[PDB]
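What follows is a single structure, written as C-alpha cells, with notes after it.
Where a number appears in this text, it was derived from the coordinates with a stated rule and is not lab data. Virtual Cβ from ideal backbone geometry, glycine too; neighbours counted across all protein chains shown.
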Amino acid sequence: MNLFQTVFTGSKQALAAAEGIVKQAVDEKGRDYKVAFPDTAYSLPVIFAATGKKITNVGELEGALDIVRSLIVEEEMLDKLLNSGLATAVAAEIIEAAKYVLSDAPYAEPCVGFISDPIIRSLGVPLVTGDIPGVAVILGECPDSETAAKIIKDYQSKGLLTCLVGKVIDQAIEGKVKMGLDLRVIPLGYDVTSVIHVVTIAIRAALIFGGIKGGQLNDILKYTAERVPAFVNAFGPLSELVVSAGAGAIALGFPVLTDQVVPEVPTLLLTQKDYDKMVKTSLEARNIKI
Amino acid sequence: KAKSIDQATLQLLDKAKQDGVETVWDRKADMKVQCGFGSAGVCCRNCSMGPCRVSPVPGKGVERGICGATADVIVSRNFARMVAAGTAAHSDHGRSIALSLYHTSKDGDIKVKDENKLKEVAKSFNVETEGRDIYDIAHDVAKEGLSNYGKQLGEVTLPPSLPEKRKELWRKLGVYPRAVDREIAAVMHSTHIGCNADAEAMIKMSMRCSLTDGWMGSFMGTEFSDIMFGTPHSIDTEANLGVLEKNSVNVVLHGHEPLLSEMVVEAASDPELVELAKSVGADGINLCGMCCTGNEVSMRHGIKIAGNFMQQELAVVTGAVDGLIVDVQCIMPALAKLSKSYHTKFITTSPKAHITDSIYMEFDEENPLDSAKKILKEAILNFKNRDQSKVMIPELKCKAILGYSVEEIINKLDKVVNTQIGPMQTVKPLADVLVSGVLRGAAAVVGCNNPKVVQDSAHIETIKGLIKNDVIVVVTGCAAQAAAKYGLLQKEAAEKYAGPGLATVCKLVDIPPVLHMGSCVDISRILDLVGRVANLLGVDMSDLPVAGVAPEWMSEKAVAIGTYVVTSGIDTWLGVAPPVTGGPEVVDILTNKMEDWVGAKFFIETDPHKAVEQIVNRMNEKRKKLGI
Ligand code: SF4
C-alpha cells in the first residue's frame, strides 16, 4: 500500500467512523437537536472555512458528511491526496461535534478537548509577537515515557506551544511534565480525532487574525501555511487514519515528522528515528527560529 | 500541412519562398511518395547479386532475396546497420574527446577545468590520484578511455552508476558490451551476405553494439568534456532565430564536436578580433549555436541558441549570418548551395566532413586556439560583404534556463534536504518524490526534427502532456532546443503547464519543469541519473517509472540511442516509424519480445497525445509492480 492508498484508506475509515457516530446522534437526540462547540463564534471551524456553512442542528451535521464524501477522490495525484487529508479533517471535526452533542462532558482532565475562541485570542498576541515561535503537535506514543518527556520539555523550554494527542499524554504525565495553557502543554484527547482541536486553532487563526471570510478555503490554507508555525511529530506505529490526518496537516502546510518508516516527501513528510535530534529537525522543517 | 509551429520559422519560410531558395521542406515535397520497399525495410542492397526487394506483406509476392534471405532477415540487417552507424558517430565523437584529454597540459590550449570531476572519473577507471600531478592523472584516464574503444583482451570499463543487476542481465542475455569499434565491426560483419539470417540474434547483436554507445562512447565523451571544459551548472540563455544581430558580426556554430566551439568562444574575447569586428563596421561579435554544438556551448557558457536541425537553412535565409562554422554530423549539405544566394561563408573544419563547394579551413587540434582565431577572423572579415537590404531577422526569441548536469541536479536537490536528517549530495530527494507518488515518473524527450512531422509540434505536445501529468521531463538535443524556443525552459512554466505535484516540486526545488541536460551524447547523463536512482532503491532500471521519447527522430544516432535506452531497461516511444514494418518478426521482437529480454520495449506511436497516455499507463503499471 503506497502513500496515496494509505491516505485514501484512512479517509474512508474516518468517513465510516463519522457516519456511525452521526447515526448514533440521530438515533439518540434527533435532527432538530442543537450542534455546537463550547464558546466559539464559527460553529464547526473546518466546515465553516471549507464551505461557509454553519452547522447548528444534528440534521445539518448528518448533511455535512457529503463534504467528506466529495473531498475523497481516489486518483493518485497530489491535489487529490491533499483533498483527502482535508476530508479526514472534516470527518474528525464531525466526530468531535457528535461527541459534544452526545455527552455533556466528553473530555475529562487532563484532556481539554475543544479550545474556545477567547483562548485563541489570548494566544494570538504571543503568537505573532514571537514568544510562541511554533506549535508542536505531538501525536502517538514514544518508546519510553522518558523520551516523550524529554522532547516535550525541550519544546516547552523553547517557548513553543505543544499539544498532545494519544498515549503521549500518559507518558508525559509519567514524565512529570507540567501541563496547562500557561505552561504551554495542552492535552487535547486520547483519540486521533482530537488533533482536529489544534487544527481549528490554525483555521480560526485565519478567521480571526487573518480576516479571511468563511468559504475562502484556498485563502485559509495559504494563511495557515505562511503564518501558523505548526508541525506534527507522530510517534509510534501509524495507522492509515493517522497517515490520513497527517495528509490533512500537510494540506494545511504543516510538515509531518515521524520516527516511523514512511514514504518521505521532502519538506512535508520526514522520518527522523533519532529522538535526540527530533526537536532540531522539526524546527528546521518548520523554519522556526528560537 | 503546416511546416512548423514556430512563428519565426514560418516568417523565414515566407522569406525563402520570396528569395527563390529551396528548403528541406521543398526537397521533401519534391521526393513525393517515398519508396514503399525502403520505407518498410524490405529492400536489400548488401551484395551485387541484388538489389533485392521482397514483399512487405507476408504470403504475397516475392518472399526471399536472391541469396534466400527472408523479409525478417532483410529488415533485421537494415536495422542493425542503422544502429552500427549511430554507434559509430557517437563513438567517433567520444574518441576525439578522449584524444583531446590525452593532450591536455597546464600551459596548453586545453586544460583541466574540473579537477574534482577528473578525480571521480579516475576512481571509476581505477586510476590512482592521491599525491599525483593533475595532468598525469588526466593522461592515465585518457589512456583507459581510449582502451575502451579498441581493447581485444579483457573486459571494458563501465560507469559505477550502472546497476549490478543490469550488468548480470546483459551477461546472461549475451549482450554484455565489448570494445566499441569491435562491436561496430561485429555488426558490419554479421550483416554481410551469407552470415547472420536470424532476426533475434541480429537484434541482440545490435543491442550489444548500442550499449557501447550509451555507456562507453557517449558517457566518456560527456565526462571528459566536463573535465576539460567545465561541468554545466544552471545558466540563462536565449533561444530561436531572433538572437541574430543586424548590427553585429553573426557567427553560427553548427555540428557536434565541442573543442572547436569552445576555442571559437575563447577566440571571440580576443582583443584583436574584437577590434577587427569594430573596424569592419560591426558593434561586436555575436556567437550563436545550433544543434548539439550549440547545446554544449550554451550549457557551459550561455551562448545563445539560434535553432535546431530543421532551422539550420533558415538561419542563412535571414541574410545576417556572416560565418557558419560546421564540424561534423547533421550538417545539411544543401547549406553549401544555399550560402551561394547570400554572402555567408560556409566553413567546414573537419577532415571527417568535407562538403563540396564549402570553404575548407581544417581545424588544427595541435594549436586549437590559433586555428579557431584564424577561422573566426575569416567570419569577421566577411561582415563587409553583408547586404543589409536582404537582412530580415524575426523579432522572436525566448529566455531559457539550462545547464542541468547530474551534479547540478544534485546541488538543486540539496535545497529540500533537512540538515538534521541528510544525507547531502545524493539523488535521494528525487527518489523520495518518485516513490511517494508526488511525481508519477521521469521521461526523457530526445531526438531530431523530421519533415514527416510538423516541426517541433510532437516535441512540444509530448512535453506539455507529460508535465501536465506530473511527469518530470529531461530534454536533450533538438527536442531540448524546441522546448527552449517554445518557452518551457522557464521557472514560470511550472505554474503555467505542470500538474499539481510537479508544480509543487518545481516550487520547492526552484527548477523549471523541463530540465535541459545537454546534447545528444549528454543522454548518457540521463542514464547516469536513472542508474543512481536505481542504485539508491536497490532495483534494476527496468523497475522504475521512467521512459524515453523520440517524437521527431531522423538520424541513425537516434536509432542507436533508442536501442541502448531500451537495452538499459527503459521503455522508449518513437514518434516516427522506423523501417521495420515489412518484417513481422522484427516488429514483434522490438515491441513485444524485448520486454522478456531486458524488461523494456519499443512503442511506436505517431500521435503525441496517445503517446502521453500510453506513457502514463505504462508508468502506472510499473509503479504497481514496484508497490509505489
Ligand atoms: S544479401 Fe541476399 S537479399 Fe541482400 S542483395 Fe544480396 S542476394 Fe539480395
**Message:** Could you give me D for chain A, from Stokes-Einstein at 4 °C and 1.567 mPa s, where the hydrodynamic radius is the Kirkwood radius over C-alpha pairs? Units µm² s⁻¹, please.
**Reply:** 69 µm²/s
**Complete:** The convex hull of the Cα atoms of the stretch A:198-290, divided by residue count, gives a volume in Å³ per residue of 101 Å³
**Against the rule of thumb 2.2 N^0.38 Å, how large the Cα Rg of the stretch B:569-623 comes out** = 1.13
**Request:** Take every DSSP beta bridge whose two residues both sit in chain B, then give the antiparallel share in percent to the nearest 5.
**Result:** 15 percent
**Estimated D of the stretch A:1-156 in µm² per second, where Rh is the Kirkwood radius over Cα pairs and Stokes-Einstein applies at 4 °C, 1.567 mPa s** = 74 µm²/s
**Farthest toward positive dipole pole in the protein assembly as shown [+1 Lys/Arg, -1 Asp/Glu at C-beta], among A:132, B:101, B:290** = B:290
**Prompt:** What is the distance in Å between the Cα centres of the stretch A:144-190 and the stretch A:67-89?
**Reply:** 31 Å
**Asked** When a footprinting reagent is the concern and you count Cβ atoms within 10 Å, what order do B:96, B:524 take, fewest first?
**Response** B:96, B:524
**Asked** Taking the alpha-carbon centroid of each part, what is the distance from the stretch B:502-534 to the stretch B:339-409 in angstrom?
**Response** 30 Å
**Message:** Over the Cα atoms of the stretch B:501-543, each weighted equally, I'd like the Debye log10 I(q)/I(0) at q = 0.20 Å⁻¹, rounded to two decimals.
**Reply:** -0.82
**Message:** Please list log₁₀ I(q)/I(0) at q = 0.12, 0.13 Å⁻¹ for the stretch B:491-622, using the Debye equation with identical point scatterers on the alpha-carbon positions.
**Reply:** -0.52, -0.62
**Message:** Based on DSSP loop calls and a cut-off of at most 16 other Cβ atoms within 10 Å, the longest stretch of chain B free of exposed trypsin sites (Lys or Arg not before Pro) is what?
**Reply:** B:492-628
**Request:** Apply 1/(1 + (r/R0)^6) to the Cβ-Cβ distance of residue B:274 and residue B:354, taking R0 = 45 Å, and write down the FRET efficiency to the nearest 0.05.
**Result:** 0.90
**Cα Rg, Dmax (largest Cα-Cα span) when computed across the stretch B:1-105, Å** = 21.2, 65
**Request:** Give the Rg (one decimal place) followed by the Dmax (whole number) of the stretch B:187-276, computed from C-alpha coordinates and expressed in Å.
**Result:** 21.4, 64
**Fill in**
So, for the Cα atoms of the stretch A:117-286, Rg and Dmax in Å stand at 14.9, 44
**Message:** As I understand it, the value is the acute angle between the Cα axis of helix A:217-227 and the longest principal axis of the Cα atoms of chain A; what does it come to in degrees, rounded to 10?
**Reply:** 20 degrees
**Message:** Report the gain in length on full extension from residue B:588 to residue B:2: 0.36 nm times residue separation, minus Cα-Cα distance, nm rounded to one decimal.
**Reply:** 207.6 nm
**Message:** As an exercise, use a Förster radius of 56 Å and the Cβ-Cβ distance of residue A:125 and residue B:247 to find the FRET efficiency, rounded to the nearest 0.05.
**Reply:** 0.30
**Request:** Give the value in nm², to one decimal: projected area of the alpha carbon convex hull of the protein assembly as shown, averaged over all directions.
**Result:** 43.9 nm²
**Message:** How much length would be gained if the chain were fully extended between residue B:115 and residue B:510, taking 0.36 nm per residue of separation minus their Cα-Cα distance, in nm to one decimal?
**Reply:** 139.4 nm
**Prompt:** If we count other beta carbons within 10 Å of each Cβ, what is the order of B:414, B:510, B:543, fewest first?
**Reply:** B:510, B:414, B:543
**Message:** Using the Kirkwood radius over C-alpha pairs as Rh, can you work out the diffusion coefficient of the stretch B:284-437 via Stokes-Einstein at 4 °C, viscosity 1.567 mPa s, in µm² per second?
**Reply:** 71 µm²/s
**Asked** For the peptides A:3-12, A:244-253, what is the packing order when you average, over each peptide's residues, the other Cβ atoms within 10 Å and list the highest mean first?
**Response** A:244-253, A:3-12
**Asked** How do A:70, B:389 line up, fewest other C-beta atoms within 10 Å first?
**Response** B:389, A:70
**Asked** Binning every alpha carbon pair distance of the stretch B:524-600 at 10 Å from zero, what are the percents per bin?
**Response** 18, 50, 26, 6, 0
**Prompt:** For residue B:452 and residue B:426, FRET efficiency with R0 = 35 Å and r from the beta-carbon atoms, rounded to 0.05?
**Reply:** 0.25
**Asked** How large is the convex hull of the Cα atoms of the stretch A:75-134 per residue, expressed in Å³ as a whole number?
**Response** 142 Å³
**Complete:** Its Cα gyration tensor gives chain B an equivalent ellipsoid whose semi-axes in whole Å, largest first, are 35, 31, 26
**Message:** From the convex hull of the Cα coordinates of the stretch A:72-202, what is the mean projected area in square nanometres?
**Reply:** 9.3 nm²
**Prompt:** How large is log10 I(q)/I(0) at q = 0.20, 0.21, 0.24 Å⁻¹ when the Debye formula is applied to the Cα atoms of the stretch B:362-459, each weighted equally and without solvent?
**Reply:** -1.09, -1.12, -1.19
